[PDB]
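S.K.: Contents of coords_21.csv (CSV, N, CA and C atoms and all ligand atoms) are below:
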```csv
chain,number,residue,atom,x,y,z
A,1,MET,N,-9.6,-6.4,6.3
A,1,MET,CA,-9.1,-5.1,6.6
A,1,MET,C,-9.2,-4.1,5.4
A,2,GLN,N,-9.9,-3.0,5.6
A,2,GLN,CA,-10.0,-2.0,4.5
A,2,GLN,C,-8.9,-1.0,4.7
A,3,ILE,N,-8.1,-0.8,3.7
A,3,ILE,CA,-7.0,0.3,3.9
A,3,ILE,C,-7.2,1.3,2.7
A,4,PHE,N,-6.6,2.5,2.9
A,4,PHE,CA,-6.6,3.5,1.8
A,4,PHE,C,-5.2,3.8,1.3
A,5,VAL,N,-5.1,4.0,0.0
A,5,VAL,CA,-3.7,4.3,-0.5
A,5,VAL,C,-4.0,5.6,-1.2
A,6,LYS,N,-3.2,6.6,-0.9
A,6,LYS,CA,-3.3,7.9,-1.7
A,6,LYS,C,-2.2,7.9,-2.7
A,7,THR,N,-2.6,8.3,-4.0
A,7,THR,CA,-1.6,8.4,-5.0
A,7,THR,C,-0.9,9.7,-4.8
A,8,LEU,N,0.1,9.9,-5.7
A,8,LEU,CA,0.9,11.2,-5.7
A,8,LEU,C,0.0,12.4,-6.0
A,9,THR,N,-1.2,12.2,-6.6
A,9,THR,CA,-2.1,13.4,-6.9
A,9,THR,C,-3.1,13.6,-5.7
A,10,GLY,N,-3.0,12.7,-4.7
A,10,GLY,CA,-3.9,12.7,-3.7
A,10,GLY,C,-5.2,11.9,-3.9
A,11,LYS,N,-5.3,11.2,-5.0
A,11,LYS,CA,-6.5,10.4,-5.2
A,11,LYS,C,-6.6,9.2,-4.3
A,12,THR,N,-7.7,8.9,-3.7
A,12,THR,CA,-7.8,7.8,-2.7
A,12,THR,C,-8.1,6.4,-3.4
A,13,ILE,N,-7.4,5.4,-3.1
A,13,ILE,CA,-7.7,4.1,-3.7
A,13,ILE,C,-8.2,3.4,-2.4
A,14,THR,N,-9.3,2.6,-2.4
A,14,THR,CA,-9.7,1.9,-1.2
A,14,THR,C,-9.4,0.4,-1.6
A,15,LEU,N,-8.7,-0.4,-0.7
A,15,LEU,CA,-8.4,-1.7,-1.0
A,15,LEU,C,-8.9,-2.6,0.1
A,16,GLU,N,-9.3,-3.9,-0.2
A,16,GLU,CA,-9.6,-4.9,0.8
A,16,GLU,C,-8.4,-5.9,0.8
A,17,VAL,N,-7.9,-6.0,2.0
A,17,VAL,CA,-6.7,-6.8,2.3
A,17,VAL,C,-6.8,-7.6,3.5
A,18,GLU,N,-5.9,-8.5,3.8
A,18,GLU,CA,-5.8,-9.2,5.0
A,18,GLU,C,-4.5,-8.8,5.7
A,19,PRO,N,-4.5,-9.1,7.1
A,19,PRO,CA,-3.2,-8.8,7.7
A,19,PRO,C,-2.0,-9.3,7.1
A,20,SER,N,-2.0,-10.6,6.6
A,20,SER,CA,-0.8,-11.2,6.0
A,20,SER,C,-0.5,-10.8,4.6
A,21,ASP,N,-1.3,-10.0,4.0
A,21,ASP,CA,-1.0,-9.6,2.6
A,21,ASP,C,0.4,-8.9,2.6
A,22,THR,N,1.2,-9.2,1.6
A,22,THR,CA,2.5,-8.5,1.5
A,22,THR,C,2.4,-7.2,0.8
A,23,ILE,N,3.4,-6.4,0.9
A,23,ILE,CA,3.4,-5.1,0.2
A,23,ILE,C,3.4,-5.4,-1.3
A,24,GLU,N,4.0,-6.5,-1.7
A,24,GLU,CA,4.0,-6.8,-3.1
A,24,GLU,C,2.5,-7.1,-3.6
A,25,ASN,N,1.8,-7.8,-2.8
A,25,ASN,CA,0.4,-8.0,-3.1
A,25,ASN,C,-0.4,-6.7,-3.2
A,26,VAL,N,-0.1,-5.8,-2.3
A,26,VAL,CA,-0.8,-4.5,-2.3
A,26,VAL,C,-0.4,-3.7,-3.6
A,27,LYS,N,0.9,-3.7,-4.0
A,27,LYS,CA,1.3,-3.1,-5.2
A,27,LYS,C,0.6,-3.7,-6.5
A,28,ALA,N,0.3,-5.0,-6.4
A,28,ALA,CA,-0.4,-5.6,-7.6
A,28,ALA,C,-1.9,-5.0,-7.6
A,29,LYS,N,-2.4,-4.8,-6.4
A,29,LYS,CA,-3.8,-4.4,-6.3
A,29,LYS,C,-3.9,-2.9,-6.8
A,30,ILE,N,-2.8,-2.2,-6.5
A,30,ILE,CA,-2.8,-0.8,-7.0
A,30,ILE,C,-2.6,-0.7,-8.5
A,31,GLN,N,-1.8,-1.6,-9.0
A,31,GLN,CA,-1.7,-1.7,-10.5
A,31,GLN,C,-3.0,-1.9,-11.1
A,32,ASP,N,-3.8,-2.9,-10.6
A,32,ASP,CA,-5.2,-3.2,-11.1
A,32,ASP,C,-6.0,-1.9,-11.0
A,33,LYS,N,-6.0,-1.2,-9.9
A,33,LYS,CA,-6.9,0.0,-9.8
A,33,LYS,C,-6.5,1.1,-10.7
A,34,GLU,N,-5.2,1.4,-10.7
A,34,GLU,CA,-4.8,2.7,-11.4
A,34,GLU,C,-3.7,2.5,-12.5
A,35,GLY,N,-3.3,1.3,-12.9
A,35,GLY,CA,-2.4,1.2,-14.0
A,35,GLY,C,-0.9,1.5,-13.7
A,36,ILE,N,-0.6,1.7,-12.4
A,36,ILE,CA,0.7,2.1,-12.0
A,36,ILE,C,1.6,0.9,-11.8
A,37,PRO,N,2.7,0.8,-12.6
A,37,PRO,CA,3.5,-0.4,-12.5
A,37,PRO,C,4.1,-0.6,-11.1
A,38,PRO,N,4.1,-1.8,-10.5
A,38,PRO,CA,4.7,-2.1,-9.2
A,38,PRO,C,6.1,-1.6,-9.1
A,39,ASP,N,6.9,-1.6,-10.2
A,39,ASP,CA,8.3,-1.2,-10.0
A,39,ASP,C,8.5,0.2,-9.9
A,40,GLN,N,7.4,1.0,-10.1
A,40,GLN,CA,7.3,2.5,-10.0
A,40,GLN,C,6.7,2.9,-8.7
A,41,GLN,N,6.2,1.9,-7.9
A,41,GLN,CA,5.5,2.3,-6.7
A,41,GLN,C,6.4,2.2,-5.5
A,42,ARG,N,6.4,3.3,-4.6
A,42,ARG,CA,7.1,3.3,-3.4
A,42,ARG,C,6.0,3.7,-2.3
A,43,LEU,N,5.8,2.8,-1.3
A,43,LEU,CA,4.8,3.0,-0.3
A,43,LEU,C,5.4,3.4,1.1
A,44,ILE,N,4.7,4.3,1.7
A,44,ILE,CA,5.0,4.7,3.1
A,44,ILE,C,3.8,4.5,4.0
A,45,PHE,N,4.0,4.1,5.3
A,45,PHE,CA,3.0,4.1,6.3
A,45,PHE,C,3.6,4.7,7.5
A,46,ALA,N,3.0,5.7,8.1
A,46,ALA,CA,3.5,6.2,9.4
A,46,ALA,C,5.0,6.5,9.3
A,47,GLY,N,5.5,7.1,8.2
A,47,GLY,CA,6.9,7.5,8.0
A,47,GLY,C,7.8,6.4,7.6
A,48,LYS,N,7.3,5.1,7.5
A,48,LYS,CA,8.1,3.9,7.3
A,48,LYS,C,8.1,3.5,5.8
A,49,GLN,N,9.3,3.3,5.3
A,49,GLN,CA,9.3,2.8,3.9
A,49,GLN,C,9.0,1.3,3.9
A,50,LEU,N,8.0,0.9,3.1
A,50,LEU,CA,7.4,-0.4,3.2
A,50,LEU,C,8.1,-1.4,2.1
A,51,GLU,N,8.6,-2.5,2.6
A,51,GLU,CA,9.4,-3.5,1.8
A,51,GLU,C,8.5,-4.5,1.2
A,52,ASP,N,8.7,-4.8,-0.1
A,52,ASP,CA,7.8,-5.7,-0.9
A,52,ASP,C,7.5,-7.0,-0.2
A,53,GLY,N,8.5,-7.7,0.4
A,53,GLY,CA,8.2,-9.0,1.0
A,53,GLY,C,7.8,-9.0,2.4
A,54,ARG,N,7.5,-7.9,3.0
A,54,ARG,CA,6.9,-7.9,4.4
A,54,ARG,C,5.4,-7.7,4.3
A,55,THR,N,4.7,-8.0,5.4
A,55,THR,CA,3.3,-8.0,5.4
A,55,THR,C,2.7,-6.7,6.1
A,56,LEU,N,1.4,-6.4,5.8
A,56,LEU,CA,0.8,-5.3,6.5
A,56,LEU,C,0.8,-5.4,8.0
A,57,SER,N,0.6,-6.6,8.6
A,57,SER,CA,0.7,-6.7,10.0
A,57,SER,C,2.1,-6.5,10.5
A,58,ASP,N,3.1,-6.9,9.7
A,58,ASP,CA,4.5,-6.6,10.1
A,58,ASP,C,4.7,-5.1,10.4
A,59,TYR,N,4.0,-4.2,9.7
A,59,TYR,CA,4.0,-2.8,9.9
A,59,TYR,C,3.0,-2.2,10.7
A,60,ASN,N,2.2,-3.0,11.4
A,60,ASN,CA,1.1,-2.6,12.2
A,60,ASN,C,0.0,-1.8,11.5
A,61,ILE,N,-0.1,-2.1,10.2
A,61,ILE,CA,-1.2,-1.5,9.4
A,61,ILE,C,-2.5,-2.1,9.9
A,62,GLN,N,-3.5,-1.2,10.1
A,62,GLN,CA,-4.8,-1.7,10.7
A,62,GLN,C,-5.9,-1.3,9.8
A,63,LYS,N,-7.2,-1.7,10.2
A,63,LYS,CA,-8.4,-1.1,9.5
A,63,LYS,C,-8.3,0.4,9.4
A,64,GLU,N,-8.6,0.9,8.2
A,64,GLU,CA,-8.7,2.3,7.9
A,64,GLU,C,-7.3,3.0,7.9
A,65,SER,N,-6.2,2.3,8.0
A,65,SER,CA,-4.9,2.9,7.8
A,65,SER,C,-4.8,3.5,6.4
A,66,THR,N,-4.0,4.6,6.3
A,66,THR,CA,-3.7,5.2,5.0
A,66,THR,C,-2.2,5.0,4.7
A,67,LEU,N,-1.9,4.6,3.5
A,67,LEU,CA,-0.6,4.4,3.0
A,67,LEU,C,-0.5,5.6,1.9
A,68,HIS,N,0.8,6.0,1.6
A,68,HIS,CA,1.0,7.0,0.5
A,68,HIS,C,1.9,6.4,-0.5
A,69,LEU,N,1.6,6.6,-1.8
A,69,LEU,CA,2.6,6.4,-2.8
A,69,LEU,C,3.5,7.6,-2.9
A,70,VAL,N,4.8,7.4,-2.9
A,70,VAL,CA,5.7,8.6,-2.9
A,70,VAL,C,6.7,8.5,-4.0
A,71,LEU,N,7.5,9.5,-4.1
A,71,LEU,CA,8.7,9.5,-5.0
A,71,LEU,C,9.9,9.1,-4.1
A,72,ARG,N,10.9,8.5,-4.8
A,72,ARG,CA,12.3,8.5,-4.3
A,72,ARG,C,12.8,9.8,-4.8
B,1,ZN,ZN,-11.5,-6.5,5.7
B,2,ZN,ZN,-6.6,-15.4,3.3
B,3,ZN,ZN,-4.4,-11.1,-0.2
B,4,ZN,ZN,-5.0,-14.4,0.5
```
Would it be possible to restate this file's structure as structure tokens?
Ligand SMILES: [Zn+2]
Ligand SMILES: [Zn+2]
Ligand SMILES: [Zn+2]
Ligand SMILES: [Zn+2]
M.R.:
Amino acid sequence: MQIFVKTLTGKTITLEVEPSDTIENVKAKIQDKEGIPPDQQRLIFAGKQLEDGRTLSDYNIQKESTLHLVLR
């Protein structure tokens, strides 16, 4: 599954993931791409705040879905 993560500046990160990847796994991948620490990352998909220990398929994230890094 290819997904897109937009940073707070709107830069697109493209990631290759599996349905069972956790959000914590996705935060690690974002750290590798952009140097953003996982504990500073907050992700949203379709208005939903994404929890570290749940999976992409738990949130119905699919091929070409876009997630956003946001502020609290
Ligand atoms: Zn894939
Ligand atoms: Zn696998
Ligand atoms: Zn994985
Ligand atoms: Zn795996």
S.K.: What lies within 12 Å of residue 8 in chain A using only C-alpha atoms, ignoring chain neighbours under 2 positions off, as an NGL selection string?
M.R.: :A and (5-6 or 10-13 or 34 or 36 or 40-44 or 67-72)
S.K.: Counting all atoms listed in the file, find residues at most 6 Å from (3.5, -4.0, 2.3) (file frame) and give them as a VMD selection string.
M.R.: chain A and resid 21 to 24 50 to 52 54 to 56
S.K.: Range 4-68 of chain A: which residues are strand (DSSP E or B) by DSSP, as a PyMOL selection string?
M.R.: chain A and resi 4-6+12-16+22+43-45+48-49+55+66-68
S.K.: Could you give me, as a PDB file with N, CA and C atoms, keeping the file's coordinate frame, every polymer residue with an atom at most 8 Å away from an atom of ligand ZN 2 (chain B), counting all atoms listed in the file?
M.R.:
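The file below, part-v1.pdb, is the result:
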```pdb
ATOM      1  N   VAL A  17      -7.900  -6.000   2.000  1.00  0.00           N
ATOM      2  CA  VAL A  17      -6.700  -6.800   2.300  1.00  0.00           C
ATOM      3  C   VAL A  17      -6.800  -7.600   3.500  1.00  0.00           C
ATOM      4  N   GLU A  18      -5.900  -8.500   3.800  1.00  0.00           N
ATOM      5  CA  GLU A  18      -5.800  -9.200   5.000  1.00  0.00           C
ATOM      6  C   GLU A  18      -4.500  -8.800   5.700  1.00  0.00           C
ATOM      7  N   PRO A  19      -4.500  -9.100   7.100  1.00  0.00           N
ATOM      8  CA  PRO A  19      -3.200  -8.800   7.700  1.00  0.00           C
ATOM      9  C   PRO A  19      -2.000  -9.300   7.100  1.00  0.00           C
ATOM     10  N   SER A  20      -2.000 -10.600   6.600  1.00  0.00           N
ATOM     11  CA  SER A  20      -0.800 -11.200   6.000  1.00  0.00           C
ATOM     12  C   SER A  20      -0.500 -10.800   4.600  1.00  0.00           C
ATOM     13  N   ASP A  21      -1.300 -10.000   4.000  1.00  0.00           N
ATOM     14  CA  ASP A  21      -1.000  -9.600   2.600  1.00  0.00           C
ATOM     15  C   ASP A  21       0.400  -8.900   2.600  1.00  0.00           C
TER      16      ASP A  21
END
```
S.K.: Could you pull out all residues of chain A with a DSSP call of helix (DSSP H, G or I) and give them as a list in words?
M.R.: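 Going through chain A, the helix (DSSP H, G or I) residues come out as residues 23, 24, 25, 26, 27, 28, 29, 30, 31, 32, 33, 34, 38, 39, 40, 57, 58 and 59 of chain A.
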S.K.: Mind giving me the straight-line distance from atom C of residue 58 in chain A to atom N of residue 4 in chain A in Å, one decimal?
M.R.: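 A separation of 15.5 Å between them.
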S.K.: Select, from A:63, A:16, A:2, A:35, the residue with the minimum atom-to-atom distance to ligand ZN 3 (chain B), counting only C-alpha atoms and all ligand atoms.
M.R.: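 Answer, going by the shortest atom-to-atom distance: A:16.
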S.K.: Would you mind telling me which residue in A:62, A:25, A:49, A:31 lies nearest to ligand ZN 3 (chain B) when using all atoms listed in the file?
M.R.: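 Among the listed residues, A:25 lies closest to ligand ZN 3 (chain B).
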S.K.: To one decimal in Å, tell me the separation between atom C of residue 32 in chain A and CA of residue 59 in chain A.
M.R.: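 Taking atom C of residue 32 in chain A and CA of residue 59 in chain A, their separation equals 23.2 Å.
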S.K.: How far is it from atom N of residue 38 in chain A to atom N of residue 3 in chain A, in Å with one decimal?
M.R.: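 Separating atom N of residue 38 in chain A from atom N of residue 3 in chain A is a distance of 18.7 Å.
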S.K.: Would you please work out which residue, of A:39, A:47, A:26, A:7, is nearest to ligand ZN 3 (chain B) when using only N, CA and C atoms and all ligand atoms?
M.R.: A:26
S.K.: Return range 27-39 of chain A, completed with N, CA, C and O atoms, as a short mmCIF file (atom, residue, chain, number, x, y, z; two decimals), in the coordinates of the input.
M.R.:
```cif
data_model
loop_
_atom_site.label_atom_id
_atom_site.label_comp_id
_atom_site.auth_asym_id
_atom_site.auth_seq_id
_atom_site.Cartn_x
_atom_site.Cartn_y
_atom_site.Cartn_z
N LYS A 27 0.90 -3.70 -4.00
CA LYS A 27 1.30 -3.10 -5.20
C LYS A 27 0.60 -3.70 -6.50
O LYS A 27 0.23 -2.94 -7.38
N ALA A 28 0.30 -5.00 -6.40
CA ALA A 28 -0.40 -5.60 -7.60
C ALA A 28 -1.90 -5.00 -7.60
O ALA A 28 -2.43 -4.78 -8.68
N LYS A 29 -2.40 -4.80 -6.40
CA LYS A 29 -3.80 -4.40 -6.30
C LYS A 29 -3.90 -2.90 -6.80
O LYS A 29 -4.86 -2.50 -7.46
N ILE A 30 -2.80 -2.20 -6.50
CA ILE A 30 -2.80 -0.80 -7.00
C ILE A 30 -2.60 -0.70 -8.50
O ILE A 30 -3.19 0.17 -9.16
N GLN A 31 -1.80 -1.60 -9.00
CA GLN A 31 -1.70 -1.70 -10.50
C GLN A 31 -3.00 -1.90 -11.10
O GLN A 31 -3.36 -1.31 -12.13
N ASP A 32 -3.80 -2.90 -10.60
CA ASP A 32 -5.20 -3.20 -11.10
C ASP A 32 -6.00 -1.90 -11.00
O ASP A 32 -6.69 -1.60 -11.99
N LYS A 33 -6.00 -1.20 -9.90
CA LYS A 33 -6.90 0.00 -9.80
C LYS A 33 -6.50 1.10 -10.70
O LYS A 33 -7.38 1.70 -11.34
N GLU A 34 -5.20 1.40 -10.70
CA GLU A 34 -4.80 2.70 -11.40
C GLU A 34 -3.70 2.50 -12.50
O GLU A 34 -3.41 3.57 -13.13
N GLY A 35 -3.30 1.30 -12.90
CA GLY A 35 -2.40 1.20 -14.00
C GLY A 35 -0.90 1.50 -13.70
O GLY A 35 -0.09 1.60 -14.59
N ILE A 36 -0.60 1.70 -12.40
CA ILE A 36 0.70 2.10 -12.00
C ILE A 36 1.60 0.90 -11.80
O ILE A 36 1.27 0.05 -11.06
N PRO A 37 2.70 0.80 -12.60
CA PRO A 37 3.50 -0.40 -12.50
C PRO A 37 4.10 -0.60 -11.10
O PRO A 37 4.58 0.39 -10.49
N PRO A 38 4.10 -1.80 -10.50
CA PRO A 38 4.70 -2.10 -9.20
C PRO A 38 6.10 -1.60 -9.10
O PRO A 38 6.44 -1.08 -8.05
N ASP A 39 6.90 -1.60 -10.20
CA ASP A 39 8.30 -1.20 -10.00
C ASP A 39 8.50 0.20 -9.90
O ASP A 39 9.58 0.62 -9.53
#
```
